[PDB]
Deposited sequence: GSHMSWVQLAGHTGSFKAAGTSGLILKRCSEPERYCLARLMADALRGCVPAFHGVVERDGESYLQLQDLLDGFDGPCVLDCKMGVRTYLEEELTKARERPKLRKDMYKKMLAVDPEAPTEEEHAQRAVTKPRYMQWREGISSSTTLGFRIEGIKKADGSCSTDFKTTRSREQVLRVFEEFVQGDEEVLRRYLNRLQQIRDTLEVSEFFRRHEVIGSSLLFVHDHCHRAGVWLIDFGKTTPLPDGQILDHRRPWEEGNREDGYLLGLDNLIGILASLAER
């Protein structure tokens, strides 16, 4: 029915407010005129609320009767290349990121990180990518909100193809119609991405696919979160499949989407 960090209730029905970020505002404005228009939440412009700027977005949960939601972070890389430059010239040591690391694998931090009780953001993000499915499959499950009100973010070590399949298997709860609709939507999204003027021109980092379904077998998928999506310089383009090597700005977005369609197609035959 309604999603209600960055989010606030909107005046108009079926809308949601999200804290304005300049990269995200640029991106949503472009996407409304792109092949991808139908694959992203409708963007209605910016509004002021308590002296601060908000994106007026379509509430993706509005069409659904008690929605189940899964957030899938897309790409082999989850940080901008500029973070790698900043961490070499002027590292911001992060003590929070060190404690999250210790918790999952106490042997993961180096002798110096242990001494620092702190890690760089890129180091933490590369580690996160490697213990989840991000590095190998080019996406990872971030979270589920079920129809019973229960939520989980317990997916940091969800890595193998079969582990990912079991999360989707539990998420769709044997609803053949929801899974068929999800696969049809993902096939149509892949086709739209492969012709999109926006997509060939932009490095898409930190974006998610939001899967939404309900007990009436309504099912939708949208791309969300363009806070780290940046244009390539002087008419350079990405294939979004080839491996990332510092300088090439490749995100593996379509490697991810390919693997995700493969896993859902496998689940459909089980």
Enumerate the deposited-sequence segments absent from the coordinates, judged by C-alpha atoms, in order of position.
5 to 13
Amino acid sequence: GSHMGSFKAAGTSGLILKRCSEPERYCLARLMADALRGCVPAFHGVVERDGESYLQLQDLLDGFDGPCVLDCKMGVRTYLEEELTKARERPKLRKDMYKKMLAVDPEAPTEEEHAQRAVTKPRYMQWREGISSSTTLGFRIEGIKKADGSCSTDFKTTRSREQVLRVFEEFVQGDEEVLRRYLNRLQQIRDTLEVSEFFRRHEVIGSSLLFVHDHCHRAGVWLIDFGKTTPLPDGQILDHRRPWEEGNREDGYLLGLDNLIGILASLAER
From here on, numbers count along this sequence of modelled residues.
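What we label the rigid core is the largest C-alpha set whose atoms superpose within 1.5 Å from one form to the other.
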What stretch shows more C-alpha movement in 8 other deposited structures of this protein relative to this form, 77 to 85 or 147 to 155, after the core is superposed?
147 to 155
Once everything is fitted on the core, do the CA positions of 99 to 107 or those of 119 to 127 lie farther from the shown form in 8 other deposited structures of this protein?
99 to 107
Can you tell me which stretch has the higher mean Cα B-factor, 205 to 213 or 225 to 233?
225 to 233
Using only C-alpha atoms and the B-factors in the entry, which stretch averages higher, 83 to 91 or 194 to 202?
83 to 91
Which of these, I131, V104, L165, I144, has its C-alpha atom at the highest B-factor, as the entry lists it?
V104
In terms of recorded Cα temperature factor, pick the maximum from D148, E177, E170, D71.
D148
What third of the chain, by the recorded C-alpha B-factor, contains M125?
middle
Ranked C-alpha temperature factor of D65 among modelled chain residues, by third:
middle
Ranked against its chain, the third holding the CA B-factor of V76:
middle
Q187 - which third its CA temperature factor falls in, relative to the rest of the chain
lowest
Classify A33 as lowest, middle or highest third according to the C-alpha B-factor given in the PDB entry, relative to its own chain.
middle
